[PDB]
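All remarks here apply to the structure that follows.
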Amino acid sequence: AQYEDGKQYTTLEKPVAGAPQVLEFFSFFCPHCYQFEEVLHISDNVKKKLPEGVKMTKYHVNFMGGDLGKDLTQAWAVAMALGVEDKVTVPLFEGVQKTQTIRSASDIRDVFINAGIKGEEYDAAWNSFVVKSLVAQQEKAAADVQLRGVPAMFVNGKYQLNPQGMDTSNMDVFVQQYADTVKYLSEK
């Protein structure tokens with residue numbers, strides 16, 4: 001076939017019931033994730049090809065960057081709760097991997113302040129039980145699917161994208177193969 005299990009994707013031996021339609025995992029410490037966001041705009045190009053009625057979920061993971069890694073999962077929960085993902089994603093990536101100016105929870109907070117989220121609004125969210133349960137959701141979804149590596153994308157809790165098996169000579173061709181694969185899996 002043109003799309004082959006074990007080639008552009010793999011199948012989960014243990015399918016995950018009730019999982020989000022398109023589920024993406026990343027870390028702000030993850031170098032391919034930086035590329036996926038900044039250079040390739042994967043999420044964005046997947047969305048543009050997904051049919052109507054399909055929602056996209058993106059979660060942060062704990063297993064990179066130790067203590068700061070967990071702060072970042074909680075900060076991402078804050079970002080989701082306030083709906084400010086599109087304003088903090090780039091400065092968080094660059095703060096961690098480019099300028100290396102993010103070394104503490106306080107530095108993460110600064111990024112939100114500079115993005116215009118009010119200090120008071122941020123700290124209330126940070127400490128909120130709504131954000132607690134949002135952290136729990138990120139952890140549970142990662143736990144459900146055996147996750148030990150990022151970036152990762154899962155479709156309908158049953159298929160996992162396998163980018164190692166796509167041509168990387170050309171970045172644009174890679175992205176379209178990737179998005180077209182999500183679409184195919186989506187319709188599966």
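Every residue, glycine as well, gets a Cβ built from its backbone with ideal geometry; the counts of neighbours run over all protein chains shown. Only the coordinates and a few stated rules stand behind these numbers; no lab work does.
Sorted by average packing, counted as other Cβ atoms within 10 angstrom per residue and highest first, what order do 146-157, 166-177, 90-101 take? Write out the running numbers ahead of the final one.
Working: 146-157: 19.1, 166-177: 12.3, 90-101: 16.8.
So the order, starting with the most tightly packed, is 146-157, 90-101, 166-177.
For the range 33-47, the Karplus equation 6.51 cos²θ - 1.76 cosθ + 1.60, evaluated at θ = phi - 60°, returns couplings of 5, 4, 4, 4, 7, 7, 9, 9, 6, 3, 3, 5, 7, 4, 3 Hz by residue, with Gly and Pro reported as x. All C-alpha pair distances within the chain, sorted into 10 Å bins from zero, spread as 9, 36, 36, 17, 3, 0 percent across the bins. When the Cα positions of 77, 185, 28 are compared along the charge dipole of the chain, 185 comes out farthest toward the positive end, with charges on each C-beta of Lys, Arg, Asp and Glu.
Excluding residue 104 itself, what net charge comes from residues whose Cβ is under 12 Å from its Cβ, given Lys and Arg +1 and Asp and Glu -1?
Once positives and negatives cancel, what remains is -2.
Cβ-to-Cβ counts within 10 Å put 41, 60 in ascending order as 41, 60, the fewest first.
The modelled label-to-label distance between residue 1 and residue 187, using points 7 Å beyond Cα along the C-beta direction, is 1.3 nm.
For the range 63-76, take each phi angle, set θ = phi - 60°, evaluate the Karplus expression 6.51 cos²θ - 1.76 cosθ + 1.60, and give the result in whole Hz per residue in order, putting x for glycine and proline. Each residue's phi maps through the Karplus curve to give 6, 10, x, x, 4, 5, x, 5, 4, 5, 5, 5, 5, 5 Hz. Other residues whose C-beta falls under 14 angstrom from the C-beta of residue 113 contribute a net charge of -2, scoring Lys and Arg +1 and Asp and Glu -1. Counting only DSSP beta bridges with both residues in the chain, the antiparallel share comes to about 60 percent.
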